[PDB]
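Each chain is listed here by its residues.
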Amino acid sequence: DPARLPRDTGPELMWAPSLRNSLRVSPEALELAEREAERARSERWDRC
Amino acid sequence: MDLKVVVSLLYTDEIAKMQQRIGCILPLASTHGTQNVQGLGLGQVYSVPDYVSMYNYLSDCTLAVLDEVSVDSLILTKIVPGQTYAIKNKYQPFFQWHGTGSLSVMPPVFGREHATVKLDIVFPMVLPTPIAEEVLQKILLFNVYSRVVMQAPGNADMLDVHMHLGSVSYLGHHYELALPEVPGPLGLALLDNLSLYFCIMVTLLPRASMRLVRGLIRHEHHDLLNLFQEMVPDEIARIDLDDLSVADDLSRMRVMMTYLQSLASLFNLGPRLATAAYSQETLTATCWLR
Amino acid sequence: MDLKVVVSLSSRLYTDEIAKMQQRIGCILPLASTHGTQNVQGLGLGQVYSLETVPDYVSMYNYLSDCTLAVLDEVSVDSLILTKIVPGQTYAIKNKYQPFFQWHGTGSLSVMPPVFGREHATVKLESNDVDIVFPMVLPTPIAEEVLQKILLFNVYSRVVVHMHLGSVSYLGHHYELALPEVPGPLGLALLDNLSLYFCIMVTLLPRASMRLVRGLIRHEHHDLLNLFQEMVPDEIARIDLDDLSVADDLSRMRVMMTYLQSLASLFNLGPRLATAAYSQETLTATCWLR
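Residues numbered from 1 in each chain as written, not as in the entry; some residues may be left out. Chains lettered and ligands numbered in written order. Part of a larger assembly, values for the part shown. Heavy atoms only, no water. Residues with missing side-chain atoms left out of burial classes, pairs and counts.

## Notes on the overall build of chain A
Then step 1. Each helix and strand counted, chain A has one helix and zero strands in total.
Then step 2. On the principal axes, the C-alpha backbone points of chain A span a range of 55 × 20 × 20 Å. (Helix = DSSP H or I, 4+ residues; strand = E, 2+ residues; numbered from the N terminus.)

## Some thoughts on the overall build of chain B
Then step 1. A tally of regular secondary structure across chain B gives six helices and 12 strands.
Then step 2. Structurally, chain B occupies a C-alpha span of about 70 × 45 × 40 Å along its principal axes.
Then step 3. Counting every position in chain B, which comprises 290 residues, the buried fraction comes to 53%.
Then step 4. Surface accessibility of chain B: about 12,700 Å² in total, with carbon and sulfur atoms responsible for 57%. (Buried < 20%, exposed > 50% of the residue type's maximum accessible area, 1.4 Å probe, protein only. Areas by Shrake-Rupley, 256 points an atom, 1.4 Å probe, with all protein chains shown as cover.)

## Topic: the pairing of strand 11 (residues 273–279) of chain B
Residues and elements named next belong to chain B.
Then step 1. In terms of strand pairing, strand 7 (residues 102–106) meets strand 11 through two bridges, oriented antiparallel. By the bridge assignment for strand 11, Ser102 is matched with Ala274.
Then step 2. Pairing between strand 11 and strand 12 (residues 284–289): five bridges, direction antiparallel. Across the sheet, residue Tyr278 finds its bridge partner in strand 12, namely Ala285. (Pairing = 2+ DSSP bridges.)

## What to know about the interface of chain A and chain B
Then step 1. With six residues of chain A at the interface, the matching set in chain B holds five residues.
Then step 2. Summing both sides of the interface, chain A and chain B together bury roughly 450 Å²; the carbon and sulfur share of this comes to 75%.
Then step 3. Between the two partners, chain A and chain B, sit zero salt bridges.
Then step 4. Class assignment for the residues of the side of chain A that touches chain B results in four nonpolar, no polar and two charged. (Contact = heavy atoms within 4.5 Å. Buried area = accessible area lost by both parts, 1.4 Å probe. Salt bridge = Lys/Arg side-chain N within 4 Å of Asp/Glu carboxyl O. Nonpolar A, V, L, I, M, F, W, Y, C, P; charged D, E, K, R; others polar.)

## Thoughts on the packing of aromatic side chains
Residue and element names in this part refer to chain B.
Then step 1. The final tally for this structure, using the stated rule, is 11 aromatic pairs over all chains.
Then step 2. Between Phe95 and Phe110 the ring centres are 5.7 Å apart and the planes differ by 40°, which places this aromatic pair in the tilted class. Highlighted residues: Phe95 in the loop between strand 6 (85–88) and strand 7 and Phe110 in the loop between strand 7 and strand 8 (125–128), separated in sequence by 15 residues. Note on accessibility: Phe95 and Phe110 belong to one class, buried. (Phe/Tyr/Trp six-rings, centres within 6.5 Å; stacked < 30°, edge-to-face > 60°.)

## Focus on the packing of helix 3 (residues 129–151) of chain B against helix 5 (residues 208–219) of chain C
Then step 1. Direction vectors running N to C along helix 3 of chain B and helix 5 of chain C enclose 50°, while the axes themselves pass 9 Å from each other. As far as their axial angle goes, helix 5 of chain C and helix 3 of chain B are oblique. In this structure, helix 3 of chain B crosses over helix 5 of chain C, and the sense of that crossing is left-handed. Between helix 3 of chain B, through B:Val144, B:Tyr145, B:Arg147, B:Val148 and B:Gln151, and helix 5 of chain C, the contact on the second element is made entirely by C:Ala208, C:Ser209, C:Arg211, C:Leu212 and C:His219.
Then step 2. When its residues are assigned to classes, the contact of helix 3 of chain B with helix 5 of chain C shows five nonpolar, three polar and two charged. (Axes fitted to C-alpha atoms, helices over the stretch in contact; angles between N-to-C directions. Parallel < 35°, antiparallel > 145°, perpendicular 65-115°, else oblique. Left-handed = near helix turned anticlockwise from the far one by under 90°.)

## Describing the interface of chain B and chain C
One widely used convention gives an interface's size as the accessible area the parts lose upon coming together.
Then step 1. With 66 residues of chain B at the contact, the number on the chain C side is 58 residues.
Then step 2. At the surface where chain B touches chain C, the tally comes to three salt bridges.
Then step 3. B:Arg207 is paired through a salt bridge with C:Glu235; the nearest N and O atoms lie 3.2 Å apart.
Then step 4. At the boundary of chain B and chain C, one finds 13 residue pairs in polar contact.
Then step 5. Going through the elements one at a time, helix 3, helix 4 (192–216), helix 5 (225–228) and helix 6 (246–267) of chain B are the ones with two or more residues in the side of chain B that touches chain C. (Polar contact = N/O pair within 3.5 Å; in protein donor to acceptor, adjacent residues only side chain to side chain.)

## Concerning the packing of helix 4 (residues 184–203) of chain C against helix 7 (residues 246–265) of chain C
Residues and elements named next belong to chain C.
Then step 1. Interaxial distance between helix 4 and helix 7 falls to 11 Å at its minimum, and their mutual angle equals 165°. In terms of orientation, helix 4 lies roughly antiparallel with respect to helix 7. Here the hand of the crossing between helix 4 and helix 7 comes out left-handed. Across the interface between the two elements, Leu194, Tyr197, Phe198, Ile200 and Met201 from helix 4 touch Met256, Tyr259, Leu260, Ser262 and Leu263 from helix 7.
Then step 2. Of the residues assigned to the contact of helix 4 with helix 7, the class counts are nine nonpolar, one polar and no charged.

## A look at the pattern of salt bridges
Then step 1. Applying the stated criterion across every chain yields a total of 14 salt bridges over all chains.
Then step 2. Residue C:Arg218 pairs with C:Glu230 through a salt bridge whose shortest N-O separation is 2.8 Å. Taken together, the residues C:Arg218 in helix 5 and C:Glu230 in the loop between helix 5 and helix 6 (234–237) connect sequence positions 12 residues apart.
Then step 3. Judged by its relative accessible area of 49%, C:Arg218 falls in the partly exposed class.
Then step 4. Using a relative accessible area of 34% as the deciding quantity, one classes C:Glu230 as partly exposed.
Then step 5. The network of salt bridges with common partners includes B:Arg207, C:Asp234, C:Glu235 and C:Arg238.

## Some points on the sheet that holds strand 5 (residues 79–85) of chain C
Strand pairing within a sheet occurs via backbone hydrogen bonds; the two strands may be parallel or antiparallel.
Residue and element names in this part refer to chain C.
Then step 1. Taken together, the five strands give an open sheet; going across it, the order is 2-4-5-1-3, and neighbouring strands pair in mixed fashion. Of all strands in the sheet, those bounded by a partner on one side alone are strand 2 (28–30) and strand 3 (37–38).
Then step 2. Strand direction decides the pairing type here: strand 4 (residues 69–76) and strand 5, joined by seven bridges, are antiparallel. Each residue of the ladder has a partner; that of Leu69, found in strand 5, is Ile85.

## Observations regarding the environment of C:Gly42
All names here are of chain C.
Then step 1. If you trace the backbone, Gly42 turns up in the loop between strand 3 and helix 2 (57–66).
Then step 2. A relative accessible area of 6% means that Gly42 is categorised as buried.
Then step 3. Considered as a pair, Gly42 and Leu31 are 11 residues apart in the sequence and their alpha carbons are 6.3 Å apart.
Then step 4. Filtering out sequence-adjacent residues up to four positions away, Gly42 remains in contact with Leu31, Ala32 and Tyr63.

## Digging into the arrangement of the chains
Then step 1. For the two pairs of chains in contact, the largest share of contacts goes to chains B and C.
Then step 2. What separates chain A from chain C at the closest point of their C-alpha atoms is a distance of 15 Å, and the two make no contact.

In structure tokens:
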């Protein structure tokens, strides 16, 4: 059972939301890296 | 200032009975010099017994310790929130007092015949706050559990509600109670209406809480906590109606808010009297109004 | 002790404001500081309740509780004498509030932000180009009725009946009160704390009392029950399936009675006045600050 919230900053007790407790994810760059690495894997499929 | 109040009116056994309680307190009618018999404590309200009116009357008028009893007068001093006093635990339900414990005054739920003097004068009970709130809870659940087994014998048992309701506990002091085992239905008992308020507020609390959460959650984020504490209730009380006549819903909400506030002002025990240093060898305690 | 505060006006005063203000003698006014002399700014709630169209009642309550209180008796040109109110002192408070509230005997007064319109309790002081509003004082049951009517309007904003909520009723007269549409995030924060308390109530609410009240509405009918219109609610159907046990009922009440004291004390916003000996022929009473 989770909860939903906008923002906070700079804690000391650990299980409190913050700006440093956010994973820093860029979706478009990860999709781009994922797609180009799928094509590198698909070339690696047909090598030996 | 001047603090004495001389009230006018007894005989030898009345002298001894009033002399037994020369350290107890009781309310008055007015802060004047001379008064009559009828203006003394709890006489005109307790003779049908009903708790909430008596608590309102006890918070209404002021209070007074009595000092001396003559043949035709009772010398007594009213208490003012300025300075301090010295009162006694001279009540037949003996609850042992302790140091720096806040003392309460509740209207007498322990029967008329214990805390009285038959001439009339009815003294209120004085007893500390955790014992006060615990005896309030253990008389209220006793009321509703007696009404349930008077209604349905298969929902609870009588000895099931005497293994856990006939006794209060505070710092090892395991007292007993005088519980009214035969209240009689349709009201007519003491604490008959407070349970009747408690059940209505505990019935209207789902219709209040769901309407409040659904009305507060549309204002998007002042705070996360109104939806953060949406998981801690059960989902049975979550999906209840979400639709009613808003005339009926508003009337139910207004009645539940009024009865909730009156009940919450009553669960706060009333006039809280604070001790400083109790002495059991002397049965006296420094006390002042708070 | 000498409690006199004189407020110096920065300019003169026209004769109509003199005639209006000398009618407003004896009312409770708030002050900015507690020092010797002050200017006209910082007096009254007009600094936080400006000449605008959207009020904010709870921030007005905050400004009332945070600052000190005084009473205005002597008013002339360029100068008007105030008398402070400090805990430990007693005062006389006259009843010069034009919504004429009949005061109960020895009840308790409560100050109030002006709910009956800005123009009702306001003196326009164009000479010092500012405005002084006069905070309403009215008894505590009417106070709680106005406050819960305000919050129920704030929560039933998003639903729709209007005249049956935004108009109080008294034995003396029924009145109308000014209603905003949003009280801002502080009113939403009051609703936040109220819903916090309420959702933890409906987590920890006892289940013996529901099993009482189901059979009680199906057995009895009262003014305390006819608001249900002789219909059981749905959560009474989907909650009373469980058995009835004493121990968890006591453990529920042992936290319920703790929480309801906090829920009462959250409605203690605005300074309270427990007065004594009100007379219906002098229109004043001996009061002090609780």
